[PDB]
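Shown next as structure tokens: one chain only, the form solved without ligand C4L.
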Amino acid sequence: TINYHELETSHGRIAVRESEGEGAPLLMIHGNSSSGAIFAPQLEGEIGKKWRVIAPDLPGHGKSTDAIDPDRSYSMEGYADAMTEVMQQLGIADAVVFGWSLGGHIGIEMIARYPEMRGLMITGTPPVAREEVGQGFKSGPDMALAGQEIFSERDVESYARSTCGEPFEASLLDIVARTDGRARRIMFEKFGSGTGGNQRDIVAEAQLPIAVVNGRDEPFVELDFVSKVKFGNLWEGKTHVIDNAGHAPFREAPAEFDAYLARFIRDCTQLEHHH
């Protein structure tokens, strides 16, 4: 079973889901207007059965409260601070981190804050400097929604369908509709303004293994750009692409995604470590 509990943090009350796996811990960080509940396939499947999968809800998302201070919390760096505080409270310093989309950007910001991170996998995330946003992302009809505060019952359906892919479930509406819209607006403005660390430079200089896994039919991320990004230590020496998946391969193509994630976790935690 999945163990659910809530943490009182400086950012607000944070909802946390944990699998019962006895193995090394994996923090999974959800995307913009999503929730850790999206990682059901990993929490409840083979990944969560073996490893201790931790899937919280960001402030303003899911079953977490809105941020005590939106100006502090709703940014890639603010979320990274919140997740670092969560891991401190959970007593876990050496998790492997998986970040989906916004969660991948948060994971990149966590590299400086969480130095014993054993690896970072990013999916739906182009590491970009602020001036590279146009190169790293695909312009499109749903792109503006990322930073749009007010969602109607539509501009909730469109967002949910494009970000989560097949299969669509009504429960996805509940998740997206709950999101504190201020979090979209403030995060987006701050990212475009470079209030946090330059993500291009961070991943180029990072020594920990970074894995990059995307769906081939990504509607938001330019895969050609991603395949050209410099990483200090790119896992298996290339960026990886899963056929018949878009923005959310961990739910669209779970067995194939899990092959990458399991192999990455094993490599980052179960191999002899040298320098």
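The numbering used is simple: start at 1 and walk along the sequence shown.
Another form, the form solved in complex with ligand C4L, is not on view; read the next lines as being about it.
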| item | value |
| --- | --- |
| Contacting member of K63, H240, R52, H247, with respect to ligand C4L in the entry with it bound [4.5 Å, heavy atom] | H247 |
| In the entry with it bound, the one of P59, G48, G31, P56 near ligand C4L [non-hydrogen atom within 4.5 angstroms] | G31 |
| 4.5 angstroms heavy atom contact with ligand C4L in the entry with it bound for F191 | yes |
| Contact of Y74 with ligand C4L in the entry with it bound (heavy atom, 4.5 Å) | no |
| is_contact(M187, ligand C4L) in the entry with it bound, heavy atom dist at most 4.5 Å | yes |
| Exercise: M143 in contact with ligand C4L in the entry with it bound, heavy atom 4.5 Å | yes |
| Partner-proximal stretch of 102-110, 200-208, 82-90, 174-182 relative to ligand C4L in the entry with it bound, 4.5 angstroms, heavy atom | 102-110 |
